[PDB]
């Protein structure tokens, strides 16, 4: 039976992933210090106690485990007499995954990897879009086994910048997303080949590159250093070279350009 009264009506008004703002109304009468106790609800626990000065009707508790359930209590001591404790429970928010990176880039895919959250998350919500800010795609990625989780985004548009947000998910609860950006490669034309191979001209075919480009660029080199260039619009899938040496044994490269980006090369020879 507590001789003396103490602080009451404890409140946890705001909580991030590692921090809680605790609030209470002070004791009516004299008290020489206040006790704030907190710890995990999960038996394998133990409490932290701070002894605070009587003026304070609030305190910020720090370095808490994310996605975990805590008990917090507040009481007063005067001489050898502890008061009743006002107690409440609360749950820290789920922490966002850390260290997002891109591995393999191609024209239509990005490989993502991130560190798993300290909190238990069965799944990760991966939300993405071009930076043009059209409607986002969404994808639930089961948690990887190790310290890390990977996924690959597919069917992306070549040569474009994506924004990605990854959130840890347990129950209906979500962490805020962690963000990063990445650029897909520009797609390359493939299978550029000879159609005609005459003494003055070479009529080339080639497998069209994919997604938005501006134009193709064919460079043609016969002698050691001297190399010339031509341009060809998007629409086209074949060109004819016209000014050349007689049966000169070339080797010819084609490439797609959009803005400041160019794609990897393709090549065949002509005699």
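Residue numbers count along the first chain shown, from 1.
Margin query: Comparing average C-alpha B factors as deposited, tell me which of 66 to 74 and 53 to 61 sits higher.
Written below: Between 66 to 74 and 53 to 61, it is 53 to 61.
Next item on the list: Taking the mean of the C-alpha B-factors per stretch from the entry, tell me the winner out of 238 to 246 and 33 to 41.
Entry: Mean CA B-factor is higher for 238 to 246.
Margin query: Given 87, 135, 92, 152, identify the residue with the highest C-alpha B factor in the PDB entry.
Written below: If I rank 87, 135, 92, 152 by C-alpha B-factor, first place goes to 135.
Checklist line | Top Cα B factor in the deposited entry, candidates 168, 182, 196, 186 | finding: The listed residue with the largest C-alpha B-factor is 196.
Next item on the list: Classify residue 142 as lowest, middle or highest third according to the C-alpha B-factor given in the PDB entry, relative to its own chain.
Entry: Lowest third, going by the recorded CA B-factors of the chain.
Notebook entry, point to check: What third of the chain, by the recorded C-alpha B-factor, contains residue 97?
Noted result: As the PDB entry reports it, the C-alpha B-factor of residue 97 lands in the lowest third of its chain.
Notebook entry, point to check: Within this chain, which third does the Cα B-factor at residue 14 fall in: lowest, middle or highest?
Noted result: Answer is highest: the recorded C-alpha B-factor places it there.
Next item on the list: Could you look up the Cα B-factor of residue 81 in the entry and say which third of the chain it sits in: lowest, middle or highest?
Entry: CA B-factor rank for residue 81: highest third.
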